[PDB]
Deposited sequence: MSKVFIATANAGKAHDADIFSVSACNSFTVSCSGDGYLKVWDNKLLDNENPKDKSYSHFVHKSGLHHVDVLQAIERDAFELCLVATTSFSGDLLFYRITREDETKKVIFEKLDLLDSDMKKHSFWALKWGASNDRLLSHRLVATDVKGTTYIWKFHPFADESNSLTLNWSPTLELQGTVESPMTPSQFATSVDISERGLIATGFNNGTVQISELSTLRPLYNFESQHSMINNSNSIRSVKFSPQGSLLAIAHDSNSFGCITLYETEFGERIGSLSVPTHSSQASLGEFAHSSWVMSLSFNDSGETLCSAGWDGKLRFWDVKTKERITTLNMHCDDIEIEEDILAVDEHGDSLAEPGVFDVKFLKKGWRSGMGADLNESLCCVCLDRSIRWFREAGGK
């Protein structure tokens, strides 16, 4: 239940850190200065994280979305996909130098001249489970269209990457809206969120919509997430300068309940969501500078972490004007599976990027 800080790198980037992602080998971060940074997870007992860090300039307009795919084919594959503020979907292959452990970045050209003329916003890697034979990649564009690809690492063991477009899914409304978030389930479901509070779920097998949802100034959808095991969809959406979380059962699309503390979960907007490996705990990152952990079955808060004070009764306090008494905070949060991070092994891990241009790591005790 209690979480303890492990490592902290301050002033890691020169601009806003919009997204973070991780794998068994490293944690990858993207910033508004157009750089990708790789943080080696296999850190020592007490070492400054910037020692094991590697940077690479990607685009002039900056980056806001990033995701990494790691798998063993037959061969070790590690591939990073990122999105630029200009609308470019960019792919890089991550390799390790044998002699000096230096990290090598290799750009890949997977899109033809016709596909490189779209404006992409969000992306998500789909790992190959027992149900799915090949890896898949889903992305959304500024016009509300969702694209589905298949990734083939080999040809006909020769390394020859290829992205094959399965098809597209159009937005459920006319006029179309901005597709802000996307997710893919291990069972074969795709969820897409929009700026007006609408969530659409489609089928991966045949690529047609299943049903639709609707969730006042701001009502944008910030994050849609699937439970790692079971039928459950968690949605983070905005009230008027307030953050809300709602759960759906995801078979016929029935609302289950919302998460609230003394019906809002955060004083400010909720920025990100992250289930753990078991799916019994959910973490929320808010623009009030706090992380809140919830119990999925009970639908009750477990604990709260403050990014402005290490010392650790919890209420949503606002001033006379209606603004939160807590200063702006976390952009993104992510769980790291047990054994991913080296330290004093048998506990879940966590990563966090804040407005202070710092990245923080936590371990459960």
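> Which runs of the deposited chain sequence never show up in the coordinates?
Since the structure holds only modelled residues, the stretches it omits are 1-2, 77-78, 161-166, 226-230, 278-286, 337-339, 372-373, 395-397.
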